[PDB]
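Order-wise, the sequence lines are chains A and B.
Going left to right, the first sequence walks through residues 1 to 11, 19 to 266 as the deposited numbering numbers them.
Going left to right, the second sequence walks through residues 0 to 11, 19 to 268 as the deposited numbering numbers them.
Where is the CB? At the ideal position from N, CA and C, for every residue including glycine.
Comments concern the structure below.
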Amino acid sequence: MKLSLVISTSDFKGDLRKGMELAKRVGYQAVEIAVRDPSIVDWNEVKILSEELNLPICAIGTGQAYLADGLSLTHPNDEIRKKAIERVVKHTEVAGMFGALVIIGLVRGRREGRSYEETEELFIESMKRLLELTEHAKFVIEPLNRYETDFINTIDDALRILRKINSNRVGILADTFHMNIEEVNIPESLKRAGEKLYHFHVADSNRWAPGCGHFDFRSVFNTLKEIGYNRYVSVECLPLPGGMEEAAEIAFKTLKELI
Amino acid sequence: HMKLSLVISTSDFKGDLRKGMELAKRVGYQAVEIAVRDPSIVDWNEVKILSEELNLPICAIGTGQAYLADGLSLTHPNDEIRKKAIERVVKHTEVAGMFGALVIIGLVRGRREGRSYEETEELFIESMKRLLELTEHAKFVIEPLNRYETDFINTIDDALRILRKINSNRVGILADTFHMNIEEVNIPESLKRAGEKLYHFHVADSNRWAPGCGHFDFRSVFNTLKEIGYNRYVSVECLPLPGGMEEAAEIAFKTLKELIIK
Numbered sequence: 001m002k003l004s005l006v007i008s009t010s011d019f020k021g022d023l024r025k026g027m028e029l030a031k032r033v034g035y036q037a038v039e040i041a042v043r044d045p046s047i048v049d050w051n052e053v054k055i056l057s058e059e060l061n062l063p064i065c066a067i068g069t070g071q072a073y074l075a076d077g078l079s080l081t082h083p084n085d086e087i088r089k090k091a092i093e094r095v096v097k098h099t100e101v102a103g104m105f106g107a108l109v110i111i112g113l114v115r116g117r118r119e120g121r122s123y124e125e126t127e128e129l130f131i132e133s134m135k136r137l138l139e140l141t142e143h144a145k146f147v148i149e150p151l152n153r154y155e156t157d158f159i160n161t162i163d164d165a166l167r168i169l170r171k172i173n174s175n176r177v178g179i180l181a182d183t184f185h186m187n188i189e190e191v192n193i194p195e196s197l198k199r200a201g202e203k204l205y206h207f208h209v210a211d212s213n214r215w216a217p218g219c220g221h222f223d224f225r226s227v228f229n230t231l232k233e234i235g236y237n238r239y240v241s242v243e244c245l246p247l248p249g250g251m252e253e254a255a256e257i258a259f260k261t262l263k264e265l266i
Numbered sequence: 000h001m002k003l004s005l006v007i008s009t010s011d019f020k021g022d023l024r025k026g027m028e029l030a031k032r033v034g035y036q037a038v039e040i041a042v043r044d045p046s047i048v049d050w051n052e053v054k055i056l057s058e059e060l061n062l063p064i065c066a067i068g069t070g071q072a073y074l075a076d077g078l079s080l081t082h083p084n085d086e087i088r089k090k091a092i093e094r095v096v097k098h099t100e101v102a103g104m105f106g107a108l109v110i111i112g113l114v115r116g117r118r119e120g121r122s123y124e125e126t127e128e129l130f131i132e133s134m135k136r137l138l139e140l141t142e143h144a145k146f147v148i149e150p151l152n153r154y155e156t157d158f159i160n161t162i163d164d165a166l167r168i169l170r171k172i173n174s175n176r177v178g179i180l181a182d183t184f185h186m187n188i189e190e191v192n193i194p195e196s197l198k199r200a201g202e203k204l205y206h207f208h209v210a211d212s213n214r215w216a217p218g219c220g221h222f223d224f225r226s227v228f229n230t231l232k233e234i235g236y237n238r239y240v241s242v243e244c245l246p247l248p249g250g251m252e253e254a255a256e257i258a259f260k261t262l263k264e265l266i267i268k
């Protein structure tokens with residue numbers, strides 16, 4: 001089981024450097040980044056930087072491609088959906104340089120007045136298209152709470168869709184903040200996810216640094232040990248309390264104590 | 000002496023109301039809670055008759071749809087709309103007066119809308135004081151809501167700050183477990199800070215399903231409620247899950263009843 005830190009960067020080199028150096032200084036084993044459009048960033052420097060600090064990049068976020076450019080893998084407009092798929096393909100090329108996972112969060116899109124079934128099938132089609140367009144890329148579907156989406160809110164929802172995609176290149180990314188709302192019994196949900204649990208995000212009930220809310224992290228980590236989770240636990244929380252740096256330190260401290 | 004109430008969903019009405027109230031009575035609830043967009047289009051004398059026939063008081067009236075449907079806000083940047091919001095709420099108080107019910111100030115307070123928290127809060131305090139000058143018996147409860155529903159008054163402390171500025175015992179707090187599960191650091195401690203200001207309470211599990219179908223820690227909450235002497239209403243406001251409206255209300259009642267009696 002490894003700890004990583006999600007670092008926020010502008011739409019960049021400055022924020023990345025600072026973030027990675029902070030992660031190294033605190034003790035994180037890896038870092039996780041999030042970029043809207045990767046084609047404008049020079050990843051060769053990124054790799055150099057990474058190699059320099061001996062700090063791997065575990066995953067690449069794609070949420071902004073949706074929040075900023077409105078790209079969706081279930082967009083009703085086919086030309087837009089095609090562009091969404093092509094954008095994610097570029098995310099995988101970046102991920103391939105570091106052997107990282109590609110996060111499929113809000114980029115999957117919402118029902119937008121359509122049935123759950125039509126949305127799901129369109130999503131499955133796009134995912135299959137991505138699996139065709141890329142050879143080794145690995146994707147992780149992140150169930151999000153009801154306020155952020157009406158498509159894939161729970162781990163069980165994700166599992167059912169994974170069975171329809173039928174590929175070990177697609178797994179699940181569970182997030183404690185979102186599970187706090189959507190999951191009935193978190194430990195049991197994780198056990199059902201089992202080996203399909205590819206990545207993990209941590210933040211407290213208020214989305215602050217772990218240890219600053221009331222989320223039960225102990226039970227979570229006991230379950231993760233029980234199922235033999237040997238992948239990444241990435242800190243993805245608001246810069247609270249006291250800012251980005253303090254939050255990272257606090258989160259690392261409480262999580263380390265439990266691992 | 001805590002009492003149990005059920006929030007009943009009503010279309011924007020008699021049909022839904024009667025079925026909801028009869029359900030509450032059959033399950034054992036001591037009162038119901040309703041929500042109406044505009045009270046002016048409802049014959050409330052028929053409602054009172056129904057309440058009397060079923061011996062089911064109406065402990066609180068929601069006003070959230072006044073915002074969600076009519077866009078009325080007590081902190082709206084357009085003073086014209088702000089006045090209308092106040093006028094709409096006054097009508098809710100007139101209805102509340104017929105039942106001795108509390109008026110809930112939820113989403114009707116509005117959002118920051120790109121403004122500072124200080125200005126929004128000042129506008130709100132001004133609207134609440136106006137509401138108090140306009141009413142002689144109405145009692146209001148401010149309900150903190152999670153970040154996704156609003157950026158104005160998310161925690162019990164936010165409300166407490168506002169209450170001290172309003173300085174009126176006719177305004178109190180309505181805390182909701184589903185919302186607290188997100189916004190409050192430590193729920194028991196939050197409730198102790200509210201103390202006597204806690205006028206009404208909403209209950210729903212972490213997933214907003216009937217209490218007992220999530221992972222929210224209700225035991226600790228009720229221990230604190232006892233410790234603080236809360237003796238008013240605990241109203242169930244959850245999604246009709248699992249199994250529907252009736253099943254959810256039944257499960258909710260059973261969960262709460264056992265917590266109380268013990």
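Only counting the same chain, and skipping five residues up and downstream in sequence, which positions put a Cβ closer than 7 Å to that of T141 of chain A? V96, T99
Please check the pair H208 of chain B and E243 of chain B, which I expect to be a contact at CB under 8 Å, by giving their CB distance rounded to whole angstroms. 5 Å
Out of B:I64, B:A91, B:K171, which has the shortest C-alpha to C-alpha gap to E127 of chain B? B:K171
Anything in the stretch 161-176 of chain B with a Cβ closer than 7 Å to a Cβ of chain A? List those residues in chain order, please. none
Go to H98 of chain A, then tell me how far its beta strand (DSSP E) extends in each direction, as first and last residue. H98 of chain A -> not in any beta strand (DSSP E); alpha helix (DSSP H) instead, spanning 85-105.
In terms of DSSP beta bridges, what is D182 of chain B paired with? B:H208
Which residues share a DSSP beta bridge with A41 of chain A? A:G68
Alpha carbon to alpha carbon, how far is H0 of chain B from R238 of chain B? 7 Å
Should the stretch 100-108 of chain B be called in touch with the stretch 77-88 of chain B, which here means at least 3 C-beta pairs below 8 Å? no
Using 8 Å for Cβ pairs, my map puts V48 of chain A next to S241 of chain A. What's the rounded Cβ distance? Not a contact, Cβ separation roughly 20 Å.
Do you know whose CA, among B:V42, B:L62, B:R43, lies nearest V33 of chain B's CA? B:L62
Along the chain, where does the beta strand (DSSP E) containing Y123 of chain A start, and where does it finish? Note, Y123 of chain A: premise wrong, no beta strand (DSSP E); alpha helix (DSSP H) at 123-140.
Hey, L265 of chain A and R225 of chain A are a contact pair by Cβ (cut 8 Å); roughly how many whole angstroms apart? 6 Å
With contact counted as at least three CB pairs below 8 Å, one residue from each stretch, are the stretch 144-155 of chain B and the stretch 165-180 of chain A in contact? no
Beta-carbon proximity check, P194 of chain A vs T261 of chain A, cutoff 8 Å: no
Residues of chain A with CB under 9 Å from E189 of chain B, in chain order? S212, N213
Does DSSP put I234 of chain B in a helix, in a strand, or in coil? coil
Spatial neighbours of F228 of chain A in its chain, beta-carbon cut-off 6 Å, leaving aside the 5 residues before and after: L265
What residues are listed by DSSP as bridge partners for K2 of chain B? B:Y239
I267 of chain B versus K2 of chain B: straight-line alpha-carbon distance, rounded: 11 Å
What distance in whole Å lies between the Cβ atoms of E132 of chain B and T161 of chain B, which are believed to be in contact at a cut-off of 8 Å? Not confirmed; about 21 Å, so no contact.
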